[PDB]
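K.L.:
Build me a model from this:
(one chain, ligands or ions: 2)
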Amino acid sequence: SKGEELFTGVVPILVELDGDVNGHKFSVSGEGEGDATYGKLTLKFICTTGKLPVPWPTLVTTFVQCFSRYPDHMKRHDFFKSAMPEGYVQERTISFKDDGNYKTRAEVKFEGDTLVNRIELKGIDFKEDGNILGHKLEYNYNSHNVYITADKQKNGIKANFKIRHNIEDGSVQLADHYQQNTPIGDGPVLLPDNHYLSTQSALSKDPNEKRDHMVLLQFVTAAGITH
Ligand SMILES: [Mg+2]
Ligand SMILES: [Mg+2]
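P.N.:
Residues are numbered from 1 along each chain as shown. Ligands and ions are numbered 1, 2, ... in the order given. What follows is the structure:
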């Protein structure tokens, strides 16, 4: 298909986010590459405004599910690649249990041969010394299942999942995710049967990088459909 064919090799990625969380305004730029053949992502993000005012882990899901590996027998269920190159809008509400929420609106599309994710993020209702604004979350990341369903009147998809952020005291900060995706272009997209994406992520630091930053290595496989 046109869209899937754009992902058979290594594709460079750019991420650009502007955020406002409880009036703390910040921006992040990221770069790296994806290899959807292996479900593989490598990205490095820089906060360009100084110190990031929320913990890096809380932004991982916001910072390109077209790089998930869809098994061959599941090709017909890959909405994300089918919207390319024109792209899709991706919107979420991320509800941090007993704390505030993020609302995000992003557009994921090609600019030339580069896959771009441009995001606007708004966070409200955060506690000044909760786990987010108080920076109480460990610098690590768990493995999740992203449950996808068709959203036929939008010509797109929805997703619902729970992200678990470990807290430095050993507890966990839940971040409920609700997601909607809508194609931007006029080409045919794929409306999938129910399925999920199996995720795993590893966070690290670049020892020579003195700006506030995050290095992310991520592997994602679509699953839940046998034939
Ligand atoms: Mg720049
Ligand atoms: Mg079917």
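K.L.:
how far away is the residue nearest to the spatial centre of the chain from residue 188?
P.N.:
In the chain, the residue lying closest to the centroid (CA atoms, centre = their mean) is residue 61, at 3.3 Å. Separation of residue 61 from residue 188 (CB to CB, to the nearest Å): 27 Å. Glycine gets a C-beta too; all of them are placed from N, C-alpha and C.
K.L.:
Do a quick rundown of the strands in the chain.
P.N.:
With DSSP state E, the ranges of strands along the chain come out as 11-21, 24-35, 40-47, 88-96, 101-111, 114-124, 145-151, 156-166, 172-183, 195-204, 213-223.
K.L.:
Please name whichever of the ones you listed is nearest to residue 1.
P.N.:
Smallest distance to residue 1 across these (CB to CB): 13.6 Å, for strand 172-183.
K.L.:
looking just at contacts, which helices and strands does the closest one meet?
P.N.:
Helices and strands touching strand 172-183, by 3 or more CB pairs under 8 Å, 6 or more residues apart in numbering; DSSP states H and E, are strand 88-96, strand 145-151, strand 156-166.
K.L.:
how does it look with 10 Å?
P.N.:
helix 79-82, strand 88-96, strand 101-111, strand 145-151, strand 156-166 (3 or more CB pairs under 10 Å, 6 or more residues apart in numbering; DSSP states H and E).
K.L.:
Excluding sequence neighbours, find me the nearest residue to residue 131.
P.N.:
residue 173 (4.7 Å; CB to CB, 6 or more residues apart in numbering).
K.L.:
tally of neighbours for residue 88?
P.N.:
25 (other CB atoms under 10 Å).
K.L.:
ugh, wrong one, I meant residue 112
P.N.:
Neighbour tally, residue 112, other CB under 10 Å: 8.
K.L.:
for residue 146, same thing?
P.N.:
Neighbours around residue 146, by other CB under 10 Å: 21.
K.L.:
measure it to residue 128 for me?
P.N.:
For residue 146 relative to residue 128 (CB to CB), the value is 31 Å.
K.L.:
Run through the bridge partners of the residue nearest to residue 131.
P.N.:
Beta-bridge pairing for residue 173 (DSSP bridges): residue 165.
K.L.:
And residue 114, by the same measure?
P.N.:
residue 111.
K.L.:
For it, which residues are in contact?
P.N.:
By CB atoms under 10 Å, 6 or more residues apart in numbering, the contact list for residue 114 reads 11-14, 31, 33.
K.L.:
now the residues you listed in TSV, with distance to residue 115?
P.N.:
Formatted as TSV, the contacts of residue 114 follow (distance: CB to CB, whole Å):
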residue	distance to residue 115
11	5
12	7
13	5
14	8
31	11
33	9
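K.L.:
Among those residues, which one is most surrounded by other residues?
P.N.:
In the contacts of residue 114, the most neighbours by other CB under 10 Å go to residue 13, 22 neighbours.
K.L.:
so residue 60 sits right up against residue 200, yeah?
P.N.:
No - look at residue 60 against residue 200 with CB atoms under 10 Å: they stay out of range, at 11.4 Å.
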